[PDB]
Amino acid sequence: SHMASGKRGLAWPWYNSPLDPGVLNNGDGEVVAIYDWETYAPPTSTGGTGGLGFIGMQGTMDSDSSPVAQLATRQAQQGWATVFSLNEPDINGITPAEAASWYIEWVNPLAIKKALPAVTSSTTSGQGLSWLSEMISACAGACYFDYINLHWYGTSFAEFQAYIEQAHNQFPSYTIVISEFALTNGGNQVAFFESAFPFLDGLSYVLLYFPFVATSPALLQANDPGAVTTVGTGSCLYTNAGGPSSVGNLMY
């Protein structure tokens, strides 16, 4: 490669104060972005983001850590070029109408690039892409957005490839961010990402992809037992020492 695809990002948890995002940015230009599911700056060992562009995220309608009253303030203080909105409202008992009304009130005013809420890969009634389609209808032309936002967790590369191709086929005029993806527990995460990266790097309609998750197994175990039961620790980009894992090595 003589010029990086430049689509890769760090999904950077709140508990990463010991870790350095610069470890996974060798400056070739494949890794360009970082988000932390919050509107405060990534907690890191350096106080910086290792040259990566931070994307603010209002992942809840309001929280002590991301007060929605401070969303506009934090964008202006930090100078984000992009903002992400609600995390998986399609499985958190938020109706498409509720999400549209909230998005217009709180996210619309940010005069930067904006992603609609990250939805799960569920096809069960009223979830996933069906939920997203219903939110865009509920928006009634009044939502300002640049990107749709996908999560995927499943059991094969074949399932993931089919999911992204179907998302593109069903929303052929929208640019896609993949803010979280990995296998569920019991597979080979390295083999999955070895297949996924070249596939995604070739898709002009994918702006950014963020493997779950840019942390160490020890920090994931300590702070997200839910992720460990669902995903396991095989998709952690860091070693327990804070170096690149075998999956981290794929980010370069």
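Think of the rigid core as the biggest set of C-alphas that the two forms share within 1.5 Å after superposition. Quick note: we count residues from 1 along the sequence shown, nothing fancier.
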Core-fitted comparison in 4 other deposited structures of this protein, 176-184 vs 125-133, farther C-alphas: 125-133
Averaging CA B factors per stretch from the PDB record, which one is higher: 209-217 or 46-54? 46-54
Comparing 57-65 with 182-190, which has the greater mean CA B-factor as deposited? 182-190
Could you say whether, by C-alpha temperature factor, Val23 belongs to the lowest, middle or highest third of its chain? middle
Would you please rank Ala158 by its C-alpha temperature factor against the other modelled residues of its chain and give the third it falls in: lowest, middle or highest? middle
By the recorded C-alpha temperature factor, relative to the other modelled residues in its chain, which third is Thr123 in? highest
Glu165: CA B-factor among chain residues, third -> highest
If you rank the chain by CA B-factor, which third does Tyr174 end up in: lowest, middle or highest? highest
